[PDB]
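Colleague:
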Amino acid sequence: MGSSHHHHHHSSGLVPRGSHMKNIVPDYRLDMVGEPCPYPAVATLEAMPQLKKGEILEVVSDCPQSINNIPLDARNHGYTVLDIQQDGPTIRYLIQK
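Residue 94 in the deposited numbering sits at position 94 of the sequence shown, with consecutive numbering throughout.
The structure is reproduced here in structure tokens:
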């Protein structure tokens with residue numbers, strides 16, 4: 001039987017862990033300003049069909065009003081989880097699957 005007379009062509013990358021190799025949950029991130037024009041949350045709506053086995057969003061925008069821009073989009077088509085939060089001179093919302 002051969003001992004060292006074997007030329008490997010591929011590498012063995014076995015990593016026994018309790019969590020996945022990477023994270024494909026965080027769908028999109030809208031950390032700018034709550035614009036009324038359909039431009040930012042455009043990803044949110046398009047995310048609905050492109051949905052997967054685990055979605056997430058992170059929006060950090062600033063607006064003088066109280067209405068949520070990005071969340072309003074996903075809420076329209078109706079996603080899985082749509083939540084929001086506020087701090088002070090800004091506001092941050094997030095969604096998941």
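Cβ atoms here follow ideal geometry from the backbone N, Cα and C, with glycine treated the same way.
1. Contact between the region 33-43 and the region 2-12: three or more CB pairs below 8 Å?
2. Going by C-alpha distance, which of 33, 20, 82 is nearest residue 64?
3. Let me see if you follow: with CB-CB separation under 7 Å, is residue 50 close to chain B or not?
4. Report yes if the CB atom of residue 59 is closer than 7 Å to the CB atom of residue 70, and no otherwise.
5. Classify residue 38 as helix, strand or coil using the three-state DSSP reduction.
6. In three-state terms, what does DSSP make of residue 58?
7. In whole angstroms, give me the CA-to-CA distance for residue 29 and residue 53.
8. Can you look up residue 71 in the DSSP assignment and give me helix, strand or coil?
9. For the beta strand (DSSP E) that contains residue 93, what are its first and last residues?
10. With DSSP run on the structure shown, which of helix, strand or coil describes residue 51?
Modeller: If we stick to the structure as given:
1. Contact between the region 33-43 and the region 2-12 is not established, with fewer than three Cβ pairs separated by less than 8 Å.
2. Ranking the options by Cα distance to residue 64, first place goes to 33.
3. Absent here is chain B; the protein component of the structure consists of one chain.
4. A distance below 7 Å separates the beta carbons of residue 59 and residue 70.
5. In the three-state scheme derived from DSSP, where H, G and I count as helix and E and B as strand, residue 38 is classed as coil.
6. Strand, per DSSP.
7. Straight-line Cα distance between these residues: approximately 18 Å.
8. DSSP places residue 71 in helix when its eight states are reduced to three.
9. Residues 91-96.
10. Annotated three-state conformation of residue 51 is coil, per DSSP.
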